[PDB]
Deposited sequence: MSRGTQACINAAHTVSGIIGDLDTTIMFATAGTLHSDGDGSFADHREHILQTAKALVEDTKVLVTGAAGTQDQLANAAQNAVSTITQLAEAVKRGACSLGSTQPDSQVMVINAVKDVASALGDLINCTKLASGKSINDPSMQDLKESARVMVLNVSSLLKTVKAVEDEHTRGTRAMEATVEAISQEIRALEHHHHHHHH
C-alpha cells in the first residue's frame, strides 16, 4: 500500500543510478550501437502510458490500499520499460552522436526523478499541495522527453540525408570533371 510506494522508491533510485552510468559512457564516446525508428515508437507509447499512470497515482491518494499499491506498481513497471527503451534508442543513435545520446538519456532520467517525487507525494497524501505540484512537474518532464525525442530524431534524419547528399555531390562533381 504505502509499502508498495516505498518499494517503488528503491527501484526508481536504481533506475536513475543506471541512467547516470549510461550518460557517463555516452559522454566518453563509448556508447556504441550493438533502428532509432523502432525505439522511438516504443519510447512514445511508454511515455504516454506514464501519463495515464500519473493520473491513476493521483486518484490512488484518495482510494484504497490496493488501488494505491497497484498504482505504484504500475508506474514502476512503466518507467522500467521507458528507461530500457531510451537506452536502446540512445545506443542506436551511436557514439558519433554523443550529444544526442546524452540529451535523450538525461530527459528520461528527469522523468524518473519526477516520478519518484510523485510516488513519494502520493504515499504521503494517502501533503495535498505537494501532490498537486509533483503531478504537474511529472507531466511537464514527460512533455520535455517527448520534445527531446523529436529533436534527436530530426537531427538523426538530417545527418543521414546530409551524408547521402554529400556522397552524391562528390559523385556529381566526379561526373562533371569527367566531362
Deposited residues absent from the coordinates (by C-alpha): 1 to 3, 38 to 40, 133 to 139, 193 to 199
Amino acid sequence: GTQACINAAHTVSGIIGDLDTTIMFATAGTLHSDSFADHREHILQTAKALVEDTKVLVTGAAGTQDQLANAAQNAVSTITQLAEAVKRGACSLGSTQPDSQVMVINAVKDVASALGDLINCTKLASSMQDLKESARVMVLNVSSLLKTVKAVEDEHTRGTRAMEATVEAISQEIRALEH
From here on, numbers count along this sequence of modelled residues.
Higher-B stretch (mean Cα B-factor, as the entry records it), 169 to 177 or 4 to 12: 169 to 177
On average, which has the higher Cα B-factor in the deposited entry, 21 to 29 or 158 to 166? 158 to 166
At the C-alpha atoms, which of 142, 152, 49, 128 reaches the highest B-factor in this entry? 128
Pick out which of 113, 54, 70, 64 has the highest C-alpha B-factor in the PDB entry. 64
By its CA B factor, does residue 45 count among the lowest, middle or highest third of the modelled residues in the chain? middle
Comparing against every modelled residue in the chain, figure out the third that the C-alpha B-factor of residue 59 lands in (lowest, middle or highest). highest
Binned into thirds over the chain's modelled residues, the C-alpha B-factor of residue 148 lands in the lowest
